[PDB]
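J.: My questions all concern the structure below.
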Amino acid sequence: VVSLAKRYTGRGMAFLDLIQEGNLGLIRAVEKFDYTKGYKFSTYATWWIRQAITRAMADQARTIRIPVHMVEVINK
DNA sequence: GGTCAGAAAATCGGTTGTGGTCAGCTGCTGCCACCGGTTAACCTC
Numbered sequence: 016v017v018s019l020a021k022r023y024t025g026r027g028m029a030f031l032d033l034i035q036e037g038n039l040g041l042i043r044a045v046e047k048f049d050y051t052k053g054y055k056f057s058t059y060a061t062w063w064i065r066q067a068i069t070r071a072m073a074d075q076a077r078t079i080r081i082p083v084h085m086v087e088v089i090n091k
């Protein structure tokens with residue numbers, strides 16, 4: 016999750032917030048994982064980690080909070 | 001060459017009445033914000 020989180024430098028927060036959001040995503044994925052998938056755990060959890068990091072970046076991006084749909088159209 | 005009495009003001013105050021108008025109230029009308037499922041795009045088991 017450190018190697019996954021390293022691709023989000025310079026976007027609002029420092030690295031540590033991304034690291035801890037990746038830990039949160041790891042907790043959510045390891046709750047939401049099944050052993051009869053026959054899937055690699057990291058390849059499973061990458062979507063969850065990236066989702067958590069991106070939504071926390073959306074939440075804590077700016078001084079004034081902006082809703083995620085306007086964040087999306089700002090990105091667009 | 002007086003003398004109550006009536007008619008008719010105005011004046012404060014009810015009244016009725018009624019008409020309307022608007023504050024608001026509130027169940028449809030419909031649009032608008034997350035939520036996530038899916039669907040064609042990248043890296044090579």
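In the numbering used here, each residue's number is its place in the first sequence (first place is 1) plus 15. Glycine is no exception: its CB is placed at the ideal position from the N, C-alpha and C atoms.
1) Can you find the residues in the same chain that come closer than 8 Å, C-beta to C-beta, to residue 21, ignoring five residues on each side of it along the sequence?
2) Rounded to whole angstroms, what is the Cα-Cα separation between residue 76 and residue 59?
3) With distance defined between alpha-carbon atoms, name the residue in 27, 24, 42, 88 nearest to residue 56.
4) Please report the distance separating the alpha-carbon of residue 65 from that of residue 51.
5) What are the boundary residues of the alpha helix (DSSP H) that residue 48 is part of?
T.: According to the data block:
1) 30
2) Cα to Cα, residue 76 sits roughly 27 Å from residue 59.
3) Closest option to residue 56, Cα to Cα, is 42.
4) Cα to Cα, residue 65 sits roughly 24 Å from residue 51.
5) Note, residue 48: premise wrong, no alpha helix (DSSP H); not H, not E.
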